[PDB]
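Handing you a structure now.
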Amino acid sequence: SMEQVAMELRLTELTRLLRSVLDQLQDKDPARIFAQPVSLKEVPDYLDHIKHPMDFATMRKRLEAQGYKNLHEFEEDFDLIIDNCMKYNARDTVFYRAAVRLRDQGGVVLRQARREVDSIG
């Protein structure tokens, strides 16, 4: 139908906006601490600690499948990256500190994305 096409165009355009959001967020992680899944070879007990792992590569796979229906779902995944790290790692670690800086700096990017999504429908 013409309605299914129009909806598909909306999802395509959301995906395009979320791809730019993801790029901006990932620039706030220049050390690439959150780029890839925590290795279960190198941290074999990770899943005993963290029940829903997340990372930027995994978000990019979901994005390119148009697997984010709205900004809320995308933010949920970004928040898991931060929140998983801040639980698994102690406060006095490079990992925890990197998460705090990503959270703080990403808030700015996400604040305006929420406006662009409400604005452009």
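Positions of Cβ are generated from backbone atoms using ideal geometry, with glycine treated the same way; all protein chains shown enter the neighbour counts. We did not get these values from a lab; they are worked out from the coordinates using the rules stated.
Please get the size of the charge dipole for the chain, origin at its Cα centre, with Cβ charges of +1 on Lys and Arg and -1 on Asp and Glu, quoted in debye to the nearest 20.
So the magnitude is around 240 debye.
Okay, next question. Taking the beta-carbon count within 10 Å as an exposure proxy, list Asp77, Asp48 from fewest neighbours to most.
In order of increasing Cβ crowding within 10 Å: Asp48, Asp77.
If you keep only loop residues by DSSP, which trypsin sites (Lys or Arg not before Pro) in region 1-48 have at most 14 other Cβ atoms within 10 Å of their Cβ?
Listed in order of number, the matching sites are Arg32, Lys41.
Continuing with this model, one more query. List, largest first, the extents of the alpha carbons of region 48-101 along their principal axes, each in whole Å.
Extents along the principal axes, in whole Å: 37, 26, 17.
So if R0 is 22 Å, what FRET efficiency would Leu17 and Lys87 give, r being the distance between their Cβ atoms, rounded to the nearest 0.05?
Taking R0 as 22 Å, the efficiency between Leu17 and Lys87 is 0.15.
Taking the Cα atoms only, what angle lies between the long axis of helix 2-27 and the longest principal axis of the chain, rounded to 10 degrees?
Taking Cα atoms only, the helix is inclined about 30 degrees.
Could you pull out the GluC sites (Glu not before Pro) across region 1-74 that fall in loop regions by DSSP (anything but H, G, I, E, B) with no more than 15 other Cβ atoms inside 10 Å?
Taking region 1-74 and a limit of 15 other Cβ atoms within 10 Å, the loop GluC sites (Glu not before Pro) found are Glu42.
Which of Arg62, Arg115 has the fewest other C-beta atoms within 10 Å, and how do the rest follow up to the most?
Ranking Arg62, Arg115 by Cβ neighbours within 10 Å, fewest first, gives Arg115, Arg62.
Sort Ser1, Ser39, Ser20 so that the residue with the fewest other Cβ atoms within 10 Å of its own Cβ comes first and the one with the most comes last.
Listing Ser1, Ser39, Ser20 from fewest to most nearby Cβ atoms yields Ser1, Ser39, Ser20.
Quick one: if you take sqrt(5λ) for each eigenvalue of the C-alpha gyration tensor of region 15-92, what semi-axes come out, biggest first, whole angstrom?
After scaling each eigenvalue by five and taking roots: 23, 14, 12 Å.
Separate question: Pick out, from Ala57, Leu9, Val100, the residue whose Cα sits farthest towards the positive end of the charge dipole of the chain, with +1 on the Cβ of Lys and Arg and -1 on the Cβ of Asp and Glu.
The residue sitting most towards the positive pole is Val100.
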